[PDB]
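# Close look at the chain arrangement
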Amino acid sequence: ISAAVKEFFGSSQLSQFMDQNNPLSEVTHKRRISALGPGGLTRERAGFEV
DNA sequence: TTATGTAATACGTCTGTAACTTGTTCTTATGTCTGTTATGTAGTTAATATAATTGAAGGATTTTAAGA
């Protein structure tokens, strides 16, 4: 169980290093939606329509 | 004129320095042997139990072998 939670919180694609140049970077990073990651799209397999 | 005696001078030279060399003698670093402890290997255990496993996912086109 610890391994699963630390996998998700330490090695996930969506668990990213915080952007901290300025407050706007923080707010924008927290309000970001990614179609990539597990269960999502890959960049060499995502067409124009999406 | 010529013996004589001092004096400059050049050459041996006796001795003081120093180089070359060995004895030997002591000290130390190293290689080796031996004894002890930890490590590494191996064999055995006898209610009974008898077809995995875990994912993973909006691809878009070409070319080229098998099947009919």
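Residues numbered from 1 in each chain as written, not as in the entry; some residues may be left out. Chains lettered and ligands numbered in written order. Part of a larger assembly, values for the part shown. Heavy atoms only, no water.

Header annotation of the entry names cryo-EM as the structure determination method and lists the resolution as 2.7 Å.

## Some remarks on a nonpolar patch on the surface
Condition: In this analysis, a patch consists of residues with relative accessible area above 30% that form no salt bridge, clustered at 9 Å for like charges and at 5 Å for the nonpolar side chains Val, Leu, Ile, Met, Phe, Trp and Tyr. Per-residue and other accessible areas were derived by the Shrake-Rupley procedure at a 1.4 Å probe size, with only the shown protein chains allowed to occlude residues. Throughout this description, the term salt bridge denotes a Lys or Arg side-chain nitrogen within 4 Å of a carboxyl oxygen of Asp or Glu. Numbering of helices and strands runs from the N terminus; a helix is a DSSP stretch of H or I covering at least four residues, while a strand is a stretch of E covering at least two. Throughout, exposure labels follow a simple rule: accessible area from a 1.4 Å probe, protein chains only, divided by the maximum for the residue type, with under 20% read as buried, over 50% as exposed, and the rest as partly exposed.
Together, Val5, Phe8 and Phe9 make up a nonpolar patch on the protein surface, roughly 340 Å² of accessible area in all. Tracing the backbone shows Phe9 in helix α1 (residues 2-10). Residue classification places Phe9 among the exposed residues on the basis of a relative accessible area of 62%.

## Some remarks on the packing of aromatic side chains
The line we're drawing: Put simply, two rings from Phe, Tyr or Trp (the six-membered ring, in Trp's case) pair if the centres are within 6.5 Å, and we call them stacked under 30 degrees between planes, edge-to-face over 60, tilted for the rest.
Using the criterion set out here, one finds one aromatic pair in the structure. With centroids separated by 4.8 Å and ring planes inclined at 75°, the aromatic side chains of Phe8 and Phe9 adopt a geometry described as edge-to-face. Its relative accessible area of 49% is what places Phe8 among the partly exposed residues.

## Examining the protein's contact with DNA strand B
Cut-off, in case you're wondering: Summary of the distance rule: residues count as near a molecule or strand when at least one heavy atom falls within 4 Å of that molecule or strand.
Near DNA strand B, the surroundings consist of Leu41, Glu44 and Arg45. Counting only the atoms of DNA strand B that lie within 4 Å of the protein, the sugar and phosphate share comes to 46%.

## What about the environment of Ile33?
Tracing the backbone shows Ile33 in the segment after α2 (23-30). Residues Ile33 and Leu14, spaced 19 residues apart in sequence, show a C-alpha to C-alpha distance of 9.5 Å.

## Brief notes about the side chain of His29
Here is the rule we go by: In this description, contact between two residues means that some pair of their heavy atoms is separated by no more than 4.5 Å.
With respect to the helices, strands and loops of the structure, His29 is situated in helix α2. Residue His29 is classed as buried on the basis of its relative accessible area of 16%. The residues contacting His29, other than those within four sequence positions of it, are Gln16, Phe17, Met18 and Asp19.

## Thoughts on the pattern of salt bridges
Between side chains of opposite charge, pairing is possible as soon as their charged atoms come close. Enumeration over the complete set of coordinates arrives at one salt bridge. When the shortest N-O distance is used, the salt bridge between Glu26 and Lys30 registers 3.9 Å. Of this pair, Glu26 and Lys30 both sit in helix α2, four residues apart, roughly one helical turn.

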